[PDB]
Amino acid sequence: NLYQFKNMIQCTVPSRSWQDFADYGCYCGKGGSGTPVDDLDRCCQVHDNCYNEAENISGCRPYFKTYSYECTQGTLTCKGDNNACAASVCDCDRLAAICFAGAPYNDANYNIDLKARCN
Ligand SMILES: O=C(O)c1cccnc1Nc1cccc(C(F)(F)F)c1
Ligand SMILES: [Ca+2]
């Protein structure tokens with residue numbers, strides 16, 4: 001769930017407050033339309049899709065599902081005790097968190113006008 005995702009970020013990208021990722025580009029946060037303004041936006045685009053895919057599994061709600069995972073000594077691990085749904089979301093979240101750490105941050109891309117720039 002979002003809390004867990006929020007926590008995967010704080011551990012993967014300590015140097016940056018998680019809210020910097022809450023509303024950025026066209027995909028990070030809400031929205032799922034338009035052209036990803038940059039690599040970091042691409043990370044979120046892939047993330048949004050992943051979630052969408054996970055939604056196909058019955059009763060599976062990526063924002064709310066509580067899954068099992070851990071982050072220590074620089075490693076993020078989705079544990080073996082996750083059912084299909086949990087396993088999927090966790091992986092969605094884990095992959096995004098890793099992508100985030102590797103993606104450059106462009107202050108100009110924070111809080112952009114979705115209605116006008118993501119069509
Ligand atoms: O999408 C991301 O990458 C993200 C990253 C950090 C925090 N929040 C994020 N998203 C996000 C998306 C919808 C609603 C919320 C909210 F509930 F906090 F408002 C957060
Ligand atoms: Ca989104």
Side-chain angles (χ1 to χ4, degrees):
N1 59 48
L2 239 52
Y3 173 75
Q4 300 182 304
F5 182 45
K6 261 132 147 165
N7 275 268
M8 283 195 172
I9 296 166
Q10 284 167 161
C11 94
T12 262
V13 180
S15 49
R16 199 155 223 141
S17 165
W18 63 270
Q19 91 180 212
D20 291 28
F21 297 98
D23 166 34
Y24 179 111
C26 296
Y27 289 85
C28 314
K30 45 155 194 298
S33 55
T35 294
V37 299
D38 66 14
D39 302 296
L40 178 52
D41 208 14
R42 275 170 187 291
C43 289
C44 304
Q45 171 187 62
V46 173
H47 187 251
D48 286 351
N49 294 351
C50 195
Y51 269 18
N52 284 323
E53 274 301 295
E55 283 268 328
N56 276 25
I57 293 164
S58 56
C60 191
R61 309 169 281 267
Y63 281 73
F64 302 96
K65 184 61 174 168
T66 285
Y67 48 67
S68 156
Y69 78 112
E70 110 154 45
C71 183
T72 69
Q73 295 180 170
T75 291
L76 213 53
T77 297
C78 292
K79 296 191 184 183
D81 68 314
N82 283 304
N83 64 29
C85 174
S88 269
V89 177
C90 188
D91 205 59
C92 290
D93 284 2
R94 166 184 155 277
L95 286 185
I98 285 180
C99 195
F100 286 18
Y105 195 100
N106 180 333
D107 293 339
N109 288 165
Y110 179 71
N111 184 189
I112 70 166
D113 195 351
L114 294 185
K115 302 182 182 185
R117 296 171 65 179
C118 309
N119 36 280

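Numbers here simply count residues along the sequence, with the first being 1. Whatever order the structure lists them in is the order used to number ligands and atoms, beginning at 1. Values below: all heavy atoms of this structure, side chains included; hydrogens, waters and symmetry mates excluded.
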Check: Taking atom CD of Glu70 as the centre, does the number of heavy atoms from other residues, nucleotides or ligands within less than 6.0 Å exceed 12?
Finding: yes
Item checked: SG-SG distance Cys28 to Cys43 under 2.5 Å -> no
Checklist line | Closest approach to the Ca ion (ligand 2) by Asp48, given as the N, O or S atom name | finding: OD2
Checklist line | Which atom of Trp18 lies closest to which atom of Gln10, heavy atoms considered | finding: CD1-OE1, 3.3 Å
Next item on the list: Run the numbers for me: atoms of ligand 1, each under 4.0 Å from some heavy atom of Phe100, listed by number.
Entry: 3 (O)
Notebook entry, point to check: Rounded to 10 degrees, what angle sits at the Ca ion (ligand 2) between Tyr27 O and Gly31 O?
Noted result: 90°
Check: Got the closest protein heavy atom to atom 16 (C) of ligand 1, with its distance?
Finding: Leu2 CD2, 3.7 Å
Next item on the list: Considering heavy atoms of the protein only, find what lies nearest to atom 4 (C) of ligand 1 and give residue, atom and distance to 0.1 Å.
Entry: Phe21 O, 3.6 Å
Note to self: Within ligand 1, which atoms have a heavy atom of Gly29 less than 4.0 Å away?
What the structure shows: 1 (O), 2 (C), 10 (N), 11 (C), 12 (C)
Next item on the list: Answer with yes or no whether the hydrophobic clustering places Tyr24 together with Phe5; edges join I, L, V, M, F, W, Y residues whose side-chain heavy atoms lie under 4.5 Å apart.
Entry: yes
Margin query: Any atom of ligand 1 sitting under 4.0 Å from a heavy atom of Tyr63?
Written below: yes
Notebook entry, point to check: Does atom CZ of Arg61 have more than 12 heavy-atom neighbours, drawn from other residues, nucleotides or ligands, at distances under 6.0 Å?
Noted result: no
Notebook entry, point to check: Relative to the heavy atoms of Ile9, which atoms of ligand 1 are at a distance of less than 4.0 Å?
Noted result: 5 (C), 6 (C)
Note to self: If I compare all heavy atoms of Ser68 with all of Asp81, which pair ends up nearest, and what's the gap?
What the structure shows: OG-OD1, 3.1 Å
Margin query: Any heavy atom of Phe5 closer to ligand 1 than 4.0 angstrom?
Written below: yes
Checklist line | Protein heavy atom under 4.0 Å of atom 19 (F) of ligand 1 | finding: no
Notebook entry, point to check: Where is the nearest protein heavy atom to atom 9 (C) of ligand 1: which residue, which atom, and how far?
Noted result: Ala22 CA, 3.9 Å
Next item on the list: Please identify which atoms of ligand 1 are closer than 4.0 Å to at least one heavy atom of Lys6.
Entry: 18 (F)
Notebook entry, point to check: Any salt bridge between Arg94 and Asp91, counting N to O under 4.0 Å?
Noted result: yes
Notebook entry, point to check: Which of these, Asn1, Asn82, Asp93, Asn83, sits in a side chain to side chain donor-acceptor pair (under 3.5 Å) with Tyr67?
Noted result: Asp93
Next item on the list: Using the six-membered ring wherever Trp is involved, compare the ring planes of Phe21 and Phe100 and label them parallel, tilted or perpendicular (cut-offs 30° and 60°).
Entry: parallel
Next item on the list: Distance to 0.1 Å, residue and atom name: give those for the protein heavy atom nearest to atom 7 (C) of ligand 1.
Entry: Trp18 CE3, 3.5 Å
